[PDB]
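Listing of protein_3.cif; format and content: mmCIF, C-alpha atoms.
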```cif
data_model
loop_
_atom_site.group_PDB
_atom_site.id
_atom_site.type_symbol
_atom_site.label_atom_id
_atom_site.label_comp_id
_atom_site.auth_asym_id
_atom_site.auth_seq_id
_atom_site.Cartn_x
_atom_site.Cartn_y
_atom_site.Cartn_z
ATOM 1 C CA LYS Y 319 -17.146 -54.328 95.108
ATOM 2 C CA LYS Y 320 -15.269 -57.460 93.982
ATOM 3 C CA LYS Y 321 -12.735 -57.064 91.139
ATOM 4 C CA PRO Y 322 -9.669 -56.244 93.249
ATOM 5 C CA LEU Y 323 -7.090 -54.988 90.716
ATOM 6 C CA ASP Y 324 -8.714 -53.195 87.759
ATOM 7 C CA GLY Y 325 -7.408 -54.488 84.408
ATOM 8 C CA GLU Y 326 -5.972 -51.952 81.937
ATOM 9 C CA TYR Y 327 -8.875 -50.082 80.299
ATOM 10 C CA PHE Y 328 -8.932 -49.096 76.608
ATOM 11 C CA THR Y 329 -11.153 -47.213 74.135
ATOM 12 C CA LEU Y 330 -12.245 -47.406 70.478
ATOM 13 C CA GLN Y 331 -13.710 -44.763 68.137
ATOM 14 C CA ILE Y 332 -16.849 -45.890 66.273
ATOM 15 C CA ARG Y 333 -18.163 -43.650 63.470
ATOM 16 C CA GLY Y 334 -21.959 -43.634 63.009
ATOM 17 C CA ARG Y 335 -24.535 -43.222 65.802
ATOM 18 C CA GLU Y 336 -26.602 -46.334 65.010
ATOM 19 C CA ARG Y 337 -23.403 -48.326 64.414
ATOM 20 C CA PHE Y 338 -22.076 -47.224 67.822
ATOM 21 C CA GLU Y 339 -25.062 -48.716 69.679
ATOM 22 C CA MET Y 340 -24.296 -52.007 67.898
ATOM 23 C CA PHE Y 341 -20.698 -52.240 69.162
ATOM 24 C CA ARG Y 342 -21.662 -51.191 72.702
ATOM 25 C CA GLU Y 343 -24.242 -54.013 72.635
ATOM 26 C CA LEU Y 344 -21.587 -56.689 72.044
ATOM 27 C CA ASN Y 345 -19.518 -55.024 74.783
ATOM 28 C CA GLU Y 346 -22.240 -55.495 77.422
ATOM 29 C CA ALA Y 347 -22.835 -59.014 76.050
ATOM 30 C CA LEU Y 348 -19.366 -60.398 76.835
ATOM 31 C CA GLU Y 349 -19.299 -58.345 80.052
ATOM 32 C CA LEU Y 350 -22.505 -60.139 81.099
ATOM 33 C CA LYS Y 351 -20.789 -63.516 80.657
ATOM 34 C CA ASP Y 352 -17.739 -62.486 82.691
ATOM 35 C CA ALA Y 353 -20.163 -61.261 85.379
ATOM 36 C CA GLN Y 354 -21.657 -64.747 85.851
ATOM 37 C CA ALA Y 355 -18.148 -66.249 85.649
ATOM 38 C CA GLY Y 356 -17.642 -65.326 89.326
ATOM 39 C CA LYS Y 357 -20.690 -67.382 90.373
ATOM 40 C CA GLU Y 358 -20.010 -71.071 91.099
ATOM 41 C CA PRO Y 359 -21.257 -73.506 88.443
ATOM 42 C CA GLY Y 360 -23.940 -74.586 90.956
ATOM 43 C CA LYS K 319 -10.260 -37.399 50.286
ATOM 44 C CA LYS K 320 -13.868 -38.429 49.558
ATOM 45 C CA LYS K 321 -16.297 -38.533 52.516
ATOM 46 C CA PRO K 322 -17.517 -34.926 52.350
ATOM 47 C CA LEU K 323 -19.376 -34.406 55.654
ATOM 48 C CA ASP K 324 -17.881 -36.472 58.499
ATOM 49 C CA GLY K 325 -20.555 -38.433 60.402
ATOM 50 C CA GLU K 326 -20.766 -37.976 64.189
ATOM 51 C CA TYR K 327 -17.908 -39.937 65.804
ATOM 52 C CA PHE K 328 -18.274 -41.895 69.066
ATOM 53 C CA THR K 329 -16.148 -43.969 71.467
ATOM 54 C CA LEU K 330 -16.445 -47.079 73.666
ATOM 55 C CA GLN K 331 -14.388 -48.258 76.664
ATOM 56 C CA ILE K 332 -13.232 -51.893 76.438
ATOM 57 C CA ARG K 333 -11.656 -53.465 79.545
ATOM 58 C CA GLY K 334 -8.936 -56.068 78.880
ATOM 59 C CA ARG K 335 -6.000 -55.648 76.470
ATOM 60 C CA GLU K 336 -6.555 -58.856 74.475
ATOM 61 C CA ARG K 337 -10.316 -58.211 74.456
ATOM 62 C CA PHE K 338 -9.711 -54.698 73.085
ATOM 63 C CA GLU K 339 -7.877 -56.013 70.002
ATOM 64 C CA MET K 340 -10.929 -58.213 69.346
ATOM 65 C CA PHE K 341 -13.414 -55.313 69.242
ATOM 66 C CA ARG K 342 -11.093 -53.136 67.136
ATOM 67 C CA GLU K 343 -10.892 -56.056 64.677
ATOM 68 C CA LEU K 344 -14.658 -56.055 64.065
ATOM 69 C CA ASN K 345 -14.448 -52.261 63.733
ATOM 70 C CA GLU K 346 -11.982 -52.437 60.824
ATOM 71 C CA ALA K 347 -14.041 -55.311 59.369
ATOM 72 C CA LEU K 348 -17.258 -53.331 58.825
ATOM 73 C CA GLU K 349 -15.190 -50.267 57.876
ATOM 74 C CA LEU K 350 -13.594 -52.377 55.119
ATOM 75 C CA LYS K 351 -17.041 -53.177 53.701
ATOM 76 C CA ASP K 352 -18.143 -49.530 53.721
ATOM 77 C CA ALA K 353 -14.858 -48.711 51.951
ATOM 78 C CA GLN K 354 -15.722 -50.927 48.961
ATOM 79 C CA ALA K 355 -19.311 -49.614 49.060
ATOM 80 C CA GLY K 356 -18.128 -46.511 47.165
ATOM 81 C CA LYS K 357 -16.809 -48.643 44.279
ATOM 82 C CA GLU K 358 -19.354 -49.466 41.551
ATOM 83 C CA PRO K 359 -20.620 -53.063 41.543
ATOM 84 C CA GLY K 360 -18.584 -53.578 38.338
ATOM 85 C CA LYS Z 319 -39.774 -74.345 79.769
ATOM 86 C CA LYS Z 320 -40.795 -70.717 79.126
ATOM 87 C CA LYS Z 321 -40.450 -69.406 75.545
ATOM 88 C CA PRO Z 322 -43.905 -70.382 74.270
ATOM 89 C CA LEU Z 323 -43.664 -69.951 70.473
ATOM 90 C CA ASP Z 324 -40.151 -70.667 69.152
ATOM 91 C CA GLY Z 325 -38.892 -67.887 66.851
ATOM 92 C CA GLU Z 326 -37.696 -68.854 63.354
ATOM 93 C CA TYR Z 327 -34.227 -70.433 63.655
ATOM 94 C CA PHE Z 328 -31.406 -69.817 61.154
ATOM 95 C CA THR Z 329 -27.814 -70.931 60.489
ATOM 96 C CA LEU Z 330 -24.507 -69.487 59.230
ATOM 97 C CA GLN Z 331 -21.396 -71.180 57.792
ATOM 98 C CA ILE Z 332 -18.117 -70.045 59.391
ATOM 99 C CA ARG Z 333 -14.849 -71.161 57.753
ATOM 100 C CA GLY Z 334 -11.920 -71.747 60.140
ATOM 101 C CA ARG Z 335 -12.065 -73.768 63.381
ATOM 102 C CA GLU Z 336 -10.616 -71.087 65.682
ATOM 103 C CA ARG Z 337 -12.725 -68.430 63.937
ATOM 104 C CA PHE Z 338 -15.861 -70.534 64.508
ATOM 105 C CA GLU Z 339 -15.384 -70.560 68.298
ATOM 106 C CA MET Z 340 -15.207 -66.748 68.122
ATOM 107 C CA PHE Z 341 -18.607 -66.337 66.428
ATOM 108 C CA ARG Z 342 -20.276 -68.909 68.700
ATOM 109 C CA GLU Z 343 -18.940 -66.883 71.658
ATOM 110 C CA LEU Z 344 -20.797 -63.726 70.585
ATOM 111 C CA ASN Z 345 -23.870 -65.913 70.013
ATOM 112 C CA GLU Z 346 -23.956 -67.112 73.637
ATOM 113 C CA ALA Z 347 -23.174 -63.538 74.746
ATOM 114 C CA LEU Z 348 -26.343 -61.930 73.353
ATOM 115 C CA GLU Z 349 -28.319 -65.058 74.294
ATOM 116 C CA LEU Z 350 -27.167 -64.529 77.898
ATOM 117 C CA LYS Z 351 -28.605 -60.996 77.864
ATOM 118 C CA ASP Z 352 -31.960 -62.134 76.465
ATOM 119 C CA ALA Z 353 -31.996 -64.805 79.198
ATOM 120 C CA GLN Z 354 -31.899 -62.192 81.985
ATOM 121 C CA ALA Z 355 -34.416 -60.068 80.042
ATOM 122 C CA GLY Z 356 -37.209 -62.288 81.417
ATOM 123 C CA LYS Z 357 -36.214 -61.494 85.021
ATOM 124 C CA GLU Z 358 -37.823 -58.368 86.518
ATOM 125 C CA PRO Z 359 -35.498 -55.366 86.886
ATOM 126 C CA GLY Z 360 -35.624 -55.965 90.669
ATOM 127 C CA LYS J 319 -9.940 -70.077 42.058
ATOM 128 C CA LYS J 320 -7.135 -69.551 44.598
ATOM 129 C CA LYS J 321 -7.597 -71.099 48.069
ATOM 130 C CA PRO J 322 -6.031 -74.501 47.363
ATOM 131 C CA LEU J 323 -7.020 -76.639 50.379
ATOM 132 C CA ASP J 324 -10.415 -75.635 51.819
ATOM 133 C CA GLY J 325 -10.275 -75.143 55.606
ATOM 134 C CA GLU J 326 -12.744 -77.101 57.767
ATOM 135 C CA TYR J 327 -16.176 -75.441 57.487
ATOM 136 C CA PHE J 328 -18.575 -75.054 60.435
ATOM 137 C CA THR J 329 -22.088 -73.743 61.174
ATOM 138 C CA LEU J 330 -23.977 -71.886 63.925
ATOM 139 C CA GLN J 331 -27.713 -71.630 64.695
ATOM 140 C CA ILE J 332 -28.961 -68.057 65.229
ATOM 141 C CA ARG J 333 -32.511 -67.585 66.561
ATOM 142 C CA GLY J 334 -34.342 -64.467 65.318
ATOM 143 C CA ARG J 335 -34.561 -63.324 61.678
ATOM 144 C CA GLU J 336 -33.312 -59.755 62.218
ATOM 145 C CA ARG J 337 -30.623 -61.044 64.598
ATOM 146 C CA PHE J 338 -29.460 -63.534 61.944
ATOM 147 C CA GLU J 339 -28.746 -60.777 59.399
ATOM 148 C CA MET J 340 -26.571 -59.124 62.065
ATOM 149 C CA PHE J 341 -24.308 -62.157 62.579
ATOM 150 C CA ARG J 342 -24.025 -62.831 58.832
ATOM 151 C CA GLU J 343 -22.913 -59.190 58.453
ATOM 152 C CA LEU J 344 -19.906 -59.668 60.755
ATOM 153 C CA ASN J 345 -19.167 -62.900 58.868
ATOM 154 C CA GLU J 346 -18.814 -61.112 55.511
ATOM 155 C CA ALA J 347 -16.864 -58.347 57.291
ATOM 156 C CA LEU J 348 -13.943 -60.520 58.438
ATOM 157 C CA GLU J 349 -14.159 -62.495 55.179
ATOM 158 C CA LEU J 350 -13.651 -59.201 53.315
ATOM 159 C CA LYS J 351 -10.424 -58.576 55.249
ATOM 160 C CA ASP J 352 -9.067 -62.064 54.552
ATOM 161 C CA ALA J 353 -9.912 -61.469 50.874
ATOM 162 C CA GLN J 354 -7.575 -58.454 50.651
ATOM 163 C CA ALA J 355 -4.971 -60.355 52.707
ATOM 164 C CA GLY J 356 -3.903 -62.159 49.507
ATOM 165 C CA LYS J 357 -3.116 -58.845 47.774
ATOM 166 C CA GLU J 358 0.419 -57.504 48.320
ATOM 167 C CA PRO J 359 0.676 -54.515 50.674
ATOM 168 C CA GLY J 360 1.476 -52.389 47.588
#
```

Starting from the file, give its structure as C-alpha cells.
Amino acid sequence: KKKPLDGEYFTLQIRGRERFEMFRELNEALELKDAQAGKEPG
Amino acid sequence: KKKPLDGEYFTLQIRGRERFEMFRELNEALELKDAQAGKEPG
Amino acid sequence: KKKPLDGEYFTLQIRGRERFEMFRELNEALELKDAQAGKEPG
Amino acid sequence: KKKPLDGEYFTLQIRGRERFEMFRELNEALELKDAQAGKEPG
C-alpha cells in the first residue's frame, strides 16, 4: 500500500505511563502531516 | 542512586533516522527538568 | 467556517530562528489531527 | 548576565488553554538543556 521502500525504523524508551501517551501523540501528529504529503496540493 | 521504585517504562517506534533524533531530544529535555525537580528551590 | 465559538488563544516566545520553525511544526501537526477530528470515522 | 548578543526572538499562537501549557512545557525543557550547555562537561 504505497510507501515502496520502508525507511529505517527506530525506537525510544519513555518512562511514565501518562508521559508515554504524550510522546506517542506527537508521533501520530507528524505522521498525519506526512500522510497528506502524498496528496497533490489541489 | 535515588529513584527508589522505578516507574513503568514504555517504548515508541519512530520511523526516519533524522526524525528519531528529534523525538529523543524532547525526551532528554523533559527528563532534564525532572532531574532538577529533586533539588530544593534554593 | 465551522468552529462556532473560538477557544481562548495564547502565545509563546521562542528564542532562535531555526528553533522557532521546529515548535511551529509541532503546532501545525496537532492542529492537523484536530482538523480531521470533525470528519466522521467513515 | 551571560548571553552577550540576544538571538532573534519569535512567537507562536497556541489555541486552547490546556494545550498552551503543553507547548510552553517543551519550551522550558529545551531551554533547560541550553542552560547547562554553558557549564563545562566536568

Over all C-alpha pairs taken in sequence order, what does chain Z look like after a least-squares fit onto chain J? Please give it as an mmCIF file with C-alpha atoms, in the frame of the given file.
```cif
data_model
loop_
_atom_site.group_PDB
_atom_site.id
_atom_site.type_symbol
_atom_site.label_atom_id
_atom_site.label_comp_id
_atom_site.auth_asym_id
_atom_site.auth_seq_id
_atom_site.Cartn_x
_atom_site.Cartn_y
_atom_site.Cartn_z
ATOM 1 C CA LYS Z 319 -9.941 -70.077 42.057
ATOM 2 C CA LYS Z 320 -7.135 -69.550 44.599
ATOM 3 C CA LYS Z 321 -7.597 -71.100 48.070
ATOM 4 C CA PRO Z 322 -6.030 -74.500 47.363
ATOM 5 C CA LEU Z 323 -7.021 -76.639 50.380
ATOM 6 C CA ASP Z 324 -10.415 -75.633 51.819
ATOM 7 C CA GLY Z 325 -10.275 -75.142 55.607
ATOM 8 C CA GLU Z 326 -12.745 -77.102 57.765
ATOM 9 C CA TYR Z 327 -16.177 -75.441 57.487
ATOM 10 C CA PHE Z 328 -18.577 -75.054 60.434
ATOM 11 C CA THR Z 329 -22.087 -73.744 61.174
ATOM 12 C CA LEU Z 330 -23.977 -71.884 63.926
ATOM 13 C CA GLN Z 331 -27.713 -71.630 64.696
ATOM 14 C CA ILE Z 332 -28.960 -68.058 65.230
ATOM 15 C CA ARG Z 333 -32.512 -67.585 66.562
ATOM 16 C CA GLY Z 334 -34.341 -64.467 65.318
ATOM 17 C CA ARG Z 335 -34.561 -63.323 61.677
ATOM 18 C CA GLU Z 336 -33.312 -59.756 62.220
ATOM 19 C CA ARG Z 337 -30.621 -61.045 64.597
ATOM 20 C CA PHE Z 338 -29.460 -63.534 61.944
ATOM 21 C CA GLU Z 339 -28.746 -60.778 59.397
ATOM 22 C CA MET Z 340 -26.571 -59.122 62.066
ATOM 23 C CA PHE Z 341 -24.307 -62.158 62.577
ATOM 24 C CA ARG Z 342 -24.026 -62.832 58.831
ATOM 25 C CA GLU Z 343 -22.912 -59.191 58.452
ATOM 26 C CA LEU Z 344 -19.906 -59.668 60.754
ATOM 27 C CA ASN Z 345 -19.167 -62.900 58.868
ATOM 28 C CA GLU Z 346 -18.813 -61.112 55.512
ATOM 29 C CA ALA Z 347 -16.863 -58.347 57.291
ATOM 30 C CA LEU Z 348 -13.943 -60.521 58.439
ATOM 31 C CA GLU Z 349 -14.159 -62.496 55.179
ATOM 32 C CA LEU Z 350 -13.651 -59.200 53.314
ATOM 33 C CA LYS Z 351 -10.424 -58.575 55.250
ATOM 34 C CA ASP Z 352 -9.066 -62.065 54.552
ATOM 35 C CA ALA Z 353 -9.912 -61.468 50.873
ATOM 36 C CA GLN Z 354 -7.575 -58.452 50.653
ATOM 37 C CA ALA Z 355 -4.971 -60.356 52.706
ATOM 38 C CA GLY Z 356 -3.904 -62.159 49.508
ATOM 39 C CA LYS Z 357 -3.117 -58.845 47.773
ATOM 40 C CA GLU Z 358 0.420 -57.505 48.319
ATOM 41 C CA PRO Z 359 0.675 -54.515 50.674
ATOM 42 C CA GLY Z 360 1.474 -52.387 47.589
#
```

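If you look at CA of residue 348 in chain J and CA of residue 352 in chain Y, they are 24.6 Å away from each other.
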
Practice problem: Tell me which residues the PyMOL selection byres ((chain Z and resi 328) around 8) grabs here, as a PyMOL selection string. | Solution: (chain Z and resi 326-327+329-330) or (chain J and resi 331-335+338)

Let me see the file: selected residues, C-alpha atoms, as a PDB file, keeping the file's coordinate frame.
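Okay, out_4.pdb is ready:
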```pdb
ATOM      1  CA  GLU Z 326     -37.696 -68.854  63.354  1.00  0.00           C
ATOM      2  CA  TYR Z 327     -34.227 -70.433  63.655  1.00  0.00           C
ATOM      3  CA  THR Z 329     -27.814 -70.931  60.489  1.00  0.00           C
ATOM      4  CA  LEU Z 330     -24.507 -69.487  59.230  1.00  0.00           C
TER       5      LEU Z 330
ATOM      6  CA  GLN J 331     -27.713 -71.630  64.695  1.00  0.00           C
ATOM      7  CA  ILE J 332     -28.961 -68.057  65.229  1.00  0.00           C
ATOM      8  CA  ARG J 333     -32.511 -67.585  66.561  1.00  0.00           C
ATOM      9  CA  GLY J 334     -34.342 -64.467  65.318  1.00  0.00           C
ATOM     10  CA  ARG J 335     -34.561 -63.324  61.678  1.00  0.00           C
ATOM     11  CA  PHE J 338     -29.460 -63.534  61.944  1.00  0.00           C
TER      12      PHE J 338
END
```

Per residue of chain Y within 10 Å of chain Z, what are the shortest atom pair and its distance in Å to one decimal, counting all atoms listed in the file, with rows by chain and residue number, as a Markdown table?
```
| residue | atom | partner | partner_atom | distance |
| --- | --- | --- | --- | --- |
| Y:343 | CA | Z:348 | CA | 8.2 |
| Y:344 | CA | Z:348 | CA | 7.2 |
| Y:345 | CA | Z:347 | CA | 9.3 |
| Y:346 | CA | Z:351 | CA | 8.4 |
| Y:347 | CA | Z:347 | CA | 4.7 |
| Y:348 | CA | Z:347 | CA | 5.4 |
| Y:349 | CA | Z:347 | CA | 8.4 |
| Y:350 | CA | Z:351 | CA | 7.0 |
| Y:351 | CA | Z:347 | CA | 6.4 |
| Y:352 | CA | Z:347 | CA | 9.7 |
| Y:354 | CA | Z:350 | CA | 9.7 |
```

Quiz prompt | Two-atom distance - CA of residue 359 in chain Y, CA of residue 355 in chain Z (Å) | solution =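 Atom-to-atom, CA of residue 359 in chain Y to CA of residue 355 in chain Z, that is 20.6 Å.
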
Quiz item: What is the CA of residue 337 in chain J to CA of residue 325 in chain K distance in Å?
Solution: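 Atom-to-atom, CA of residue 337 in chain J and CA of residue 325 in chain K are spaced 25.1 Å apart.
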
Output range 340-359 of chain Y with N, CA and C atoms present, as a compact mmCIF listing (two decimals), keeping the file's coordinate frame.
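New file part-v7.txt:
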```
# COMPACT_ATOMS: atom_id res chain seq x y z
N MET Y 340 -24.54 -50.58 68.21
CA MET Y 340 -24.30 -52.01 67.90
C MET Y 340 -23.04 -52.50 68.62
N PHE Y 341 -21.95 -51.80 68.49
CA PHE Y 341 -20.70 -52.24 69.16
C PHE Y 341 -20.93 -52.29 70.67
N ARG Y 342 -21.41 -51.22 71.24
CA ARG Y 342 -21.66 -51.19 72.70
C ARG Y 342 -22.48 -52.42 73.11
N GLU Y 343 -23.41 -52.83 72.28
CA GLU Y 343 -24.24 -54.01 72.64
C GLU Y 343 -23.35 -55.23 72.83
N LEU Y 344 -22.49 -55.51 71.90
CA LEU Y 344 -21.59 -56.69 72.04
C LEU Y 344 -20.72 -56.50 73.29
N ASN Y 345 -20.35 -55.29 73.58
CA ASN Y 345 -19.52 -55.02 74.78
C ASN Y 345 -20.26 -55.51 76.03
N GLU Y 346 -21.46 -55.06 76.22
CA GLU Y 346 -22.24 -55.50 77.42
C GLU Y 346 -22.50 -57.00 77.35
N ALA Y 347 -22.58 -57.55 76.17
CA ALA Y 347 -22.84 -59.01 76.05
C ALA Y 347 -21.71 -59.80 76.71
N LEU Y 348 -20.51 -59.65 76.24
CA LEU Y 348 -19.37 -60.40 76.83
C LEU Y 348 -19.22 -60.02 78.31
N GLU Y 349 -19.42 -58.77 78.63
CA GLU Y 349 -19.30 -58.34 80.05
C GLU Y 349 -20.32 -59.11 80.89
N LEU Y 350 -21.47 -59.39 80.34
CA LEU Y 350 -22.50 -60.14 81.10
C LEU Y 350 -21.99 -61.54 81.40
N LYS Y 351 -21.33 -62.15 80.45
CA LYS Y 351 -20.79 -63.52 80.66
C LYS Y 351 -19.75 -63.48 81.77
N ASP Y 352 -18.80 -62.60 81.65
CA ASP Y 352 -17.74 -62.49 82.69
C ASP Y 352 -18.38 -62.22 84.06
N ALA Y 353 -19.50 -61.56 84.08
CA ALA Y 353 -20.16 -61.26 85.38
C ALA Y 353 -20.63 -62.56 86.03
N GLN Y 354 -21.18 -63.46 85.27
CA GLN Y 354 -21.66 -64.75 85.85
C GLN Y 354 -20.48 -65.72 86.00
N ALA Y 355 -19.33 -65.34 85.53
CA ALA Y 355 -18.15 -66.25 85.65
C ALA Y 355 -17.67 -66.29 87.11
N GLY Y 356 -18.07 -65.34 87.90
CA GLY Y 356 -17.64 -65.33 89.33
C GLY Y 356 -18.60 -66.18 90.16
N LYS Y 357 -19.72 -66.55 89.61
CA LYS Y 357 -20.69 -67.38 90.37
C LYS Y 357 -20.37 -68.86 90.17
N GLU Y 358 -20.32 -69.62 91.23
CA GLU Y 358 -20.01 -71.07 91.10
C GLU Y 358 -20.93 -71.69 90.05
N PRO Y 359 -20.49 -72.79 89.48
CA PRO Y 359 -21.26 -73.51 88.44
C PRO Y 359 -22.52 -74.13 89.05
```
